[PDB]
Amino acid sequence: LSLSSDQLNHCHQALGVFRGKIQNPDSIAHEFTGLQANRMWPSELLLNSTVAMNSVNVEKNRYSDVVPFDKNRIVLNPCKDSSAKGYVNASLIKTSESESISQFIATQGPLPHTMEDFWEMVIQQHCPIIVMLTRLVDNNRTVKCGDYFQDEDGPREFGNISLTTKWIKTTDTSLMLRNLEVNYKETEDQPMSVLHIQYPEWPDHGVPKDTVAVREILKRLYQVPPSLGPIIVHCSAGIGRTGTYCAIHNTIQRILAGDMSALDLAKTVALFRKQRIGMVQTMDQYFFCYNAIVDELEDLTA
């Protein structure tokens, strides 16, 4: 990246703070314990997520306790089912309207019966990127995510939507990059390009062995303009790994944009949790945020 003097100074300032915290890990543990003490109560989730908890929609939730708030859920409009209130388990995550800072749609891994819903959301919200932080199935053979994207059996269809894979590339850091095209079957308007990035080495309720692959996702997305549209980020529930990734991406972009408040990662995670329950699930994930932010600021200032 080409940085201004102001951006380079801010990266150095942020690096001293974040590296100071990893050198004093009790400070980071106290922050996460404080976040856990300030968690929302069950009635605050349930009474403010009325559409997700509706009988028509409960089977559209992978996890009964991970649902979007009514205030910032993504609504399918138009929607095939006129009684569903446009429901998809998906949350708009943002810290501002700056066009220098990405907004995210944090969502669950699609279920077989919500895959048309997922791809209609991609088109309606014109999302240019999908970041997928799960395998389809874990090493216990528990299904974590529906296969909404693989085409080896033949080109994929979801109701009126057609999906094509133009190419698949892998990286030395284990990322899989798929160039996807999505369009309606019965239209003359052009297809929509989506870059799908899958990282299969981030365990559920866990952390990767190192920060290199997660920072490579951020490095590949630095030059994607936020104004193109929200970045979809999902794992299985769309809160633990998803929240962790969004916190790393958001914090680095905010430092580069001159937002001093990015140095308060606990405040960032608190704001994420006000937009989707339980974003950043574990203390190891919170430490991973710090380690990835430090490592990326070291690269930015190298």
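The first residue of the shown sequence is 1; numbering continues from there.
> Look up the CA B-factors in the entry and say which stretch, 40 to 48 or 266 to 274, has the higher mean.
Comparing 266 to 274 with 40 to 48, the higher mean C-alpha B-factor belongs to 40 to 48.
> Which has the higher mean CA temperature factor in the PDB entry, 210 to 218 or 98 to 106?
Between 210 to 218 and 98 to 106, it is 98 to 106 that shows the higher mean C-alpha B-factor.
> Hey, out of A237, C246, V56, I252, whose CA B-factor is highest in the deposited coordinates?
Most elevated C-alpha B-factor of the set, per the entry: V56.
> Select one of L92, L175, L195, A84: the residue whose C-alpha shows the highest B-factor in the crystal structure entry.
Most elevated C-alpha B-factor of the set, per the entry: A84.
> Relative to the other modelled residues of the same chain, rank the CA B-factor of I231 and answer lowest, middle or highest third.
Lowest third, going by the recorded CA B-factors of the chain.
> In terms of the chain's CA B-factor thirds, is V131 lowest, middle or highest?
It belongs to the lowest third of the chain when residues are ordered by C-alpha B-factor.
> Taking the chain's C-alpha temperature factors as the reference, tell me which third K60 falls into: lowest, middle or highest.
Answer is highest: the recorded C-alpha B-factor places it there.
> What third of the chain, by the recorded C-alpha B-factor, contains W202?
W202: CA B-factor falls in the middle third of its chain.
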